[PDB]
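**Student:** Sharing a structure with you now.
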Amino acid sequence: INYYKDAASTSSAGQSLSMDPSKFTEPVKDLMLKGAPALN
Amino acid sequence: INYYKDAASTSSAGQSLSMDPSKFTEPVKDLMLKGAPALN
Amino acid sequence: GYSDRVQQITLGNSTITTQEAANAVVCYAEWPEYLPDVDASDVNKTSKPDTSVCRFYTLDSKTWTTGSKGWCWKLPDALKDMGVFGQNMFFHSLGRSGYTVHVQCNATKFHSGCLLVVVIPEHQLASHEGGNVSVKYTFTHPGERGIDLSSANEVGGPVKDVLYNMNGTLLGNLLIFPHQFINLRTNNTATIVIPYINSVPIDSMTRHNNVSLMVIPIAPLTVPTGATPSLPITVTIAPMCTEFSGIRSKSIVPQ
Amino acid sequence: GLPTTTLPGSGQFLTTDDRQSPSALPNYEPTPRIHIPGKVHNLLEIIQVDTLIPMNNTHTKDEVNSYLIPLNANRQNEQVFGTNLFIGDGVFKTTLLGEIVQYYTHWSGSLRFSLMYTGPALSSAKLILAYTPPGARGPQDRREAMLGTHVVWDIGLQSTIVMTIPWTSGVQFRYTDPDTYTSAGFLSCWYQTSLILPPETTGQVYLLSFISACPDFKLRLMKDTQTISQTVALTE
Amino acid sequence: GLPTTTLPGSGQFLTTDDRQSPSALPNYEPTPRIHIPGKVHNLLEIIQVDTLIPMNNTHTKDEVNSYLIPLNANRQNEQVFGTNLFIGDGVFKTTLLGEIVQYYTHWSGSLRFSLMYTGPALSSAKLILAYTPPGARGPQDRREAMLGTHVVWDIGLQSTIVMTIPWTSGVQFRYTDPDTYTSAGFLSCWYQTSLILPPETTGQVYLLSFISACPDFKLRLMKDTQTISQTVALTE
Amino acid sequence: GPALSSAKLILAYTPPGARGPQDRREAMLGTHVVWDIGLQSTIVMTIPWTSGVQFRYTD
Amino acid sequence: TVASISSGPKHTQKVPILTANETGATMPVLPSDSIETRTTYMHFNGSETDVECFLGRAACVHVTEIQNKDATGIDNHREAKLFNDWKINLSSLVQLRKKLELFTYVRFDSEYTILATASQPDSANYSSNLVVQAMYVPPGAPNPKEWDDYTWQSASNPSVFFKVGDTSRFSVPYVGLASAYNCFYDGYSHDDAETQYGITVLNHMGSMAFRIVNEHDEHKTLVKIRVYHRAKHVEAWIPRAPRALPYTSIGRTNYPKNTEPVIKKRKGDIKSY
Ligand SMILES: COc1ccc(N2CCN(c3cccc(C)c3)CC2)nn1
């Protein structure tokens, strides 16, 4: 129950439960498959 | 939920969301169309 | 017979071929794109010179020697004088751009050495004076020359200490930024595609640089016996999806 | 008895909170409303009405004359007036727009700047108004001025010209109190050809100038105005 | 009036509680969000990116050189480097992994340790990396080392080798601050055959080493880092 | 050159109207190809037809 | 969810553990690519590492102090701590600062909590009960000058009145000019040759003013204000390397000269355990 009118006044947000490290761990242009050779 | 009986005791009103500047910006008797000459 | 290894990038009226690549990085897995209306604020129609600004400019070459500490360029600064890209830059109030960065360094199968090529969004430098000394404008706008981390402290300039990234963080952790290594034994180029990254939809190109490109020797250069002890490093950079807006009189900037 | 726990902030008085209160006058019946023309709902409604700018600020005590921008016959190439666009300060500051902007911290939007000509009907003139977006200096000559937002105004039967300063900005809000990073440009005006008076006529002619906000406009984060203060409470 | 009772804890301020509060700025409209590449949602997303380990810690002032593990040509049977696995201390401590682990009290999971070789292309080498699970001493010779988790690495075209320290543990969580009961083992590396340089070449070659966490990893019970402190408030 | 050597050259085409470039900076602003010497021995640069008039004289 | 699958002996032409780090990727290698594993489940979600959780607890961001005393003959209230402002910022104290600067741009609502306690360091008959007023003087508003200016009427400016010993609490929406707060800024406010460098030129959110509403009693009373800040509704972009050296200034990245080696030197060899 929100007792207040504005959105800033609500409690903390709830877990992204998004999670996708590939923008950070695999930003390569041509896809790399694990197990296939790195450099062909 | 109002806890009180009288109307003065309720919280602030809620946004007019009315908004019509023409009583102030265009109080002319004969309508002016933008693009048409001001004085004919 | 496609290898990760050979590549061709054609952009505008200029083409680059590498026969010894190590894939390419696209920052944060996003490719440069123009500014959508839903994200727009300034009401001005923007100018998109296209092929006259989105081509490859090769900056002047550096020389890696056994004593090198590393070099640093800022964008869009490094290009402030390249062809029509630069003119547009000084003439509009606002502009926006992504880039393809291609760093080149070839040697032979007897050399060793490994450079880190990294792009740091919003690289705010530190004053070597400490306290709250600022880093004057000119010092953070070296132009095509870039900053040479093995040059001496100057007054009003930034600190040039490599184990600290010019800001109080350790060299070792720069790997959290989009980056690629050039290991003479593997690699001969590094290519990074940079999407436009800012907290505003379009900004000024002269009062704010939005990425520093940094090339840092990490495993020292080691040449074969009686080889000349140095290799040149060349940086070629191409603006991509550039847009300029708010045209007028032509900025005058310090120094 | 239902168990409760009180949180941090209990008992505080926040002048901006909005809650219910007991009425001191239980059951009282207010006077009926009758109809009155003129109801205002938003301050955004009123900042679109234009008001005069004391552009000619060069006097030494407030006078009707600082509303008049003078024009000289037969000058060529020269500059009529110049001002920066810090709407919360300087010429703008006493105008209704300036005066309301000062109740808020941030503004964004387009401005409408118009000039009404008052010279004899048998005279003629062509002026150029130029808006210079942030990043360059106030223009120093028309050549410089004409390369940015501009309108050649031809003085005619239609007495006023409405120039718009379109919102040109990286950051989507600017500060109303003058700030650099957040600065908006300059506005200048020059003779395009020149004012020409008919025979039997002489002297200076004046332009009146107005400012109002486009429907584009946004103002946010209310605060207190530097435009009013006091040293002791007033009495009757 | 509804009857209530207040419980123990009323009026306390717990920095970790999450409740509603009145907004000081009623009705204010925040700037629109635009798109920015790079959004982070979990610290677990970032500790999977590998960063360099200053393994060569033997210097006396921080230098680029403590990231370089040297290799000697023609040595046989010998040991390249050794370290315990207290990820919250020692070599690991300044790495991004080490640096984040320090914001939490407990960790569990597999680690990924990789070595990238930088020697001339015409050289060759075979190294063995060994993980020694808790309970035995740091191995003293390869024979001892090779009886635990190990990978023979053959230096080739493929420049890096990724060793995983699989989670070997009785207790399902370990402390990030070094603790005995909770200790994780040792990591050592030895020549399997030996580094061989081509003609016309000489000296030391170096390995770079990285550390990142497997998708396996768990961190819990947040706390304050020993990695930052201060004696007076900073000012502008 | 020997197979164990390496090199990177830039070839530049300068369309009519400017002088023969005097340094690479000047050269690199017109049609150009960075050539990386590798296994693939030849590089093919095209001088695309850049012209106002649709024919030129051979003399 | 499985944390590890079961995997047995391997003798392949498909080697997942050989990679090329020069590419910039961190290949997702697992225990089961190089040893024989058994199935195990995660039993865990990664809840407490969510950025909302990481930045979502109250941190002390500021400690100031004001006193209640006779202002008679004081020529400079501000200077007597009759009242005190706080050019608002979060860079002041280092604990929360290192946490935020793990990101480049951050966006979130703030929920401030203000604790005020009183001290009576010299002989008093009693402890008085003082009410503090905290008024947010955004940029472009009149700035107090005296501890009972017309300013403090604060007819348009949000202000909270609470008692010393108590706590005040109220949150404010994200009041950034841009789409997000910059944690770093490699720019200037304009192309000036001598204008400051860095964030400072963006941090312009005004200042918070504190004062006691009470007139003076016979003794003097020291009131010390602690402001706590909790981020709610957090959004963070572009991770960066953590801060290694100590901080010297609000808003610049500068570190102190002749600082000490931040990497612990081995007591022994590279070979040491
Ligand atoms: C560097 O990042 C940030 C992040 C948040 C922040 N602000 C400071 C001002 N603050 C604020 C805003 C409104 C009212 C009051 C009392 C305080 C909101 C958070 N400042 N810098």
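Protein chains in written order, with UniProt numbering: chain A, 30 to 69; chain B, 30 to 69; chain C, 77 to 331; chain D, 332 to 567; chain E, 332 to 567; chain F, 450 to 508; chain G, 584 to 856.
Backbone N, C-alpha and C fix where the C-beta goes; we use that ideal spot for every residue, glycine too.
1) Going straight from the alpha carbon of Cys-148(C) to that of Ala-461(D), what length do you get?
2) Taking three-plus beta-carbon pairs below 8 Å as touching, is the stretch 379-387 of chain E in contact with the stretch 246-254 of chain C?
3) Any beta carbon of chain C sitting closer than 8 Å to that of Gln-489(F)?
4) Measure from the C-beta of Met-386(E) to each C-beta in chain C and report whether the shortest distance is under 8 Å.
5) Check whether the Cβ of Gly-233(C) lies closer than 8 Å to any Cβ atom in chain E.
6) At which residues does the beta strand (DSSP E) containing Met-718(G) begin and terminate?
7) Along chain C, in chain order, which residues have C-beta atoms closer than 9 Å to that of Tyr-512(E)?
8) Go to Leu-446(E), then tell me how far its beta strand (DSSP E) extends in each direction, as first and last residue.
9) Say yes only if the C-beta of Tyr-506(D) is nearer than 7 Å to one or more non-hydrogen atoms of ligand 1, and no if none qualify.
10) What residues from chain E crowd round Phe-504(D), counting only those whose CB sits closer than 9 Å?
11) Please state whether DSSP places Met-386(D) in a helix, a strand or coil.
12) Apart from the five residues on each side of it in sequence, which residues of its chain come closer than 6 Å, Cβ to Cβ, to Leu-550(D)?
13) At a cut-off of 7 Å, is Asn-274(C) close to ligand 1 when judged by its beta-carbon and the heavy atoms of the ligand?
14) Give me the chain E residues within the contact set of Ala-67(A), using Cβ-Cβ distance strictly less than 9 Å, ordered along the chain.
15) May I ask you to check if the CB of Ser-739(G) is nearer than 7 Å to at least one heavy atom of ligand 1?
16) Please give the ranges of any beta strand (DSSP E) in the stretch 117-143 of chain C, keeping only runs that are unbroken, at least 3 residues long and fully inside the region.
17) Mind checking the stretch 805-839 of chain G against chain C and listing, in chain order, the residues whose C-beta falls within less than 9 Å of any C-beta there?
18) Between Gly-781(G) and chain D, is there a C-beta pair that is closer than 8 Å?
19) Between which two residues does the alpha helix (DSSP H) harbouring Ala-476(F) extend?
20) State yes or no: is the C-beta of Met-791(G) nearer than 7 Å to some heavy atom of ligand 1?
21) Checking 8 Å against the spacing of the C-beta atoms, do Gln-200(C) and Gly-759(G) come in under that value?
22) Are the CB atoms of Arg-849(G) and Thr-463(E) nearer to each other than 8 Å?
23) Can you tell which of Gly-534(E), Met-447(E), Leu-526(E) and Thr-499(E) has its C-alpha closest to the C-alpha of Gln-407(E)?
24) Applying a beta-carbon distance threshold of less than 9 Å, which residues of chain B neighbour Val-380(D)?
25) Can you list, in chain order, the residues of the stretch 396-419 of chain E whose Cβ is nearer than 8 Å to any Cβ on chain C?
26) Can you tell me whether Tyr-811(G) is helix, strand or coil according to DSSP?
27) By a C-beta neighbour count over all protein chains shown, 10 Å radius and 16 as the cutoff for buried, is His-594(G) buried or exposed?
28) Tell whether a beta-carbon distance below 8 Å holds between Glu-360(D) and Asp-49(B).
29) Work out the CA separation of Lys-840(G) and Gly-146(C) for me, nearest whole Å.
30) Applying the 10 Å Cβ sphere with the 16-neighbour rule, what's the burial state of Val-644(G)?
31) Could you name the residues of the same chain whose beta carbon sits closer than 6 Å to that of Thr-39(A), not counting the 5 residues immediately before and after it, in chain order?
32) For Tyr-537(E), which beta-bridge partners are listed by DSSP?
33) Buried or exposed, going by whether 16 or more other CB atoms sit within 10 Å of the CB of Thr-562(D)?
34) Compare the beta carbon distance of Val-235(C) and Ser-203(C) with 8 Å and say whether it is the shorter of the two.
35) Is the beta carbon of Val-755(G) within less than 7 Å of some heavy atom of ligand 1?
36) Indicate whether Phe-744(G) and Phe-423(D) have their beta-carbon atoms separated by less than 8 Å.
**Tutor:** In this structure, then:
1) Translated into the one-based positions of the third sequence, residue 148(C) becomes position 72. Translated into the one-based positions of the fourth sequence, residue 461(D) becomes position 130. Approximately 40 Å between the Cα atoms of the pair.
2) yes
3) As a working mapping, residue 489(F) is identified with position 40 in the sixth sequence. Answer yes: the Cβ-Cβ gap between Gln-489(F) and chain C drops below 8 Å somewhere.
4) Position 55 of the fifth sequence, counted from the start, is the residue given in the question as residue 386(E). With 8 Å as the cut-off, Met-386(E) does not count as an interface residue toward chain C.
5) Working through the third sequence from its first residue, we reach residue 233(C) at position 157. Not one chain E Cβ lies under 8 Å of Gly-233(C).
6) Locating residue 718(G) in the seventh sequence gives position 135, counting from the first residue. Counting along the chain, the beta strand (DSSP E) containing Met-718(G) begins and ends at 714-720.
7) In the fifth sequence, the residue the question calls residue 512(E) occupies position 181. Neighbours of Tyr-512(E) on chain C: none; closest Cβ ~30 Å, over 9 Å.
8) For the purposes of this step, residue 446(E) is identified with residue 115 of the fifth sequence, where counting begins at 1. Run containing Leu-446(E): 442-448, per the beta strand (DSSP E) assignment.
9) The residue given as residue 506(D) occupies position 175 in the fourth sequence. It does not: the Cβ of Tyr-506(D) is nowhere closer than 7 Å to a heavy atom of ligand 1.
10) Translated into the one-based positions of the fourth sequence, residue 504(D) becomes position 173. In chain order: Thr-362.
11) Taking the first residue of the fourth sequence as position 1, residue 386(D) is located at position 55. Correct three-state label for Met-386(D): coil.
12) Working through the fourth sequence from its first residue, we reach residue 550(D) at position 219. For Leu-550(D), where only same-chain residues beyond five positions count, the Cβ hits under 6 Å are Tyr-435 and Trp-438.
13) Looking up residue 274(C) in the third sequence gives position 198. No - ligand 1 has no heavy atom lying nearer than 7 Å to the Cβ of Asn-274(C).
14) Indexing the first sequence from 1 puts residue 67(A) at position 38. By Cβ distance, chain E contributes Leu-488, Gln-489, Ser-490 and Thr-491.
15) Along the seventh sequence, one-based indexing puts residue 739(G) at 156. No, the Cβ of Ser-739(G) stays beyond 7 Å of every heavy atom of ligand 1.
16) 138-141
17) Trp-820, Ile-821, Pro-822, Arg-823, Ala-824, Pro-825, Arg-826, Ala-827, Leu-828, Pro-829, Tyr-830, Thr-831, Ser-832, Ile-833, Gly-834, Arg-835, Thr-836, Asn-837, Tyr-838 and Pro-839
18) The residue labelled residue 781(G) in the question sits at position 198 within the seventh sequence. Chain D contact via Cβ: absent.
19) Stepping through the sixth sequence from its first residue, residue 476(F) is reached at position 27. 473-477 is the extent of the alpha helix (DSSP H) around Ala-476(F).
20) Taking the seventh sequence and counting its residues from 1, one reaches residue 791(G) at position 208. Yes, since a heavy atom of ligand 1 falls inside the 7 Å radius drawn around the Cβ of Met-791(G).
21) Counted from its first residue, the third sequence places residue 200(C) at position 124. Counted from its first residue, the seventh sequence places residue 759(G) at position 176. Cβ distance not < 8 Å, so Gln-200(C) and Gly-759(G) don't count as in contact.
22) Numbered from its first residue, the seventh sequence carries residue 849(G) at position 266. Numbered from its first residue, the fifth sequence carries residue 463(E) at position 132. Not in contact: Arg-849(G) and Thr-463(E) (Cβ atoms no closer than 8 Å).
23) Position 76 of the fifth sequence, counting from 1, holds the residue named residue 407(E). Considering only alpha carbons, the answer is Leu-526(E).
24) In the fourth sequence, counting from the first residue as 1, residue 380(D) sits at position 49. The answer, in chain order, is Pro-50, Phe-53 and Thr-54.
25) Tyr-398 and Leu-399
26) Taking the first residue of the seventh sequence as 1, we reach residue 811(G) at position 228. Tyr-811(G): strand per DSSP, three-state reduction.
27) For this step, residue 594(G) is matched to residue 11 along the seventh sequence. Flag for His-594(G) reads exposed.
28) In the fourth sequence, counting from the first residue as 1, residue 360(D) sits at position 29. In the second sequence, counting from the first residue as 1, residue 49(B) sits at position 20. For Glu-360(D) and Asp-49(B), no; Cβs fall outside 8 Å.
29) Your numbering for residue 146(C) matches position 70 in the third sequence. Your numbering for residue 840(G) matches position 257 in the seventh sequence. Near 21 Å, if we compare the C-alpha coordinates of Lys-840(G) and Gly-146(C).
30) Numbered from 1 along the seventh sequence, position 61 holds the residue referred to as residue 644(G). Answer is buried; the Cβ neighbour count reaches 16.
31) On the first sequence, residue 39(A) is found 10 positions in, with the first residue counted as 1. The residues are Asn-31.
32) For the purposes of this step, residue 537(E) is identified with residue 206 of the fifth sequence, where counting begins at 1. Note: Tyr-537(E) sits in a beta bridge opposite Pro-401(E).
33) Residue numbering aside, residue 562(D) sits at position 231 when the fourth sequence is read from its first letter. Its Cβ having fewer than 16 others within 10 Å, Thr-562(D) is exposed.
34) Taking the third sequence and counting its residues from 1, the one referred to as residue 235(C) is at position 159. Taking the third sequence and counting its residues from 1, the one referred to as residue 203(C) is at position 127. Against a cut-off of 8 Å, the Cβ pair of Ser-203(C) and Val-235(C) comes out as a contact.
35) Locating residue 755(G) in the seventh sequence gives position 172, counting from the first residue. Indeed, a heavy atom of ligand 1 lies less than 7 Å from the Cβ.
36) Here residue 744(G) corresponds to residue number 161 of the seventh sequence, with the count starting at 1. Here residue 423(D) corresponds to residue number 92 of the fourth sequence, with the count starting at 1. No; because the gap between Cβ atoms is not below 8 Å, this pair is not in contact.
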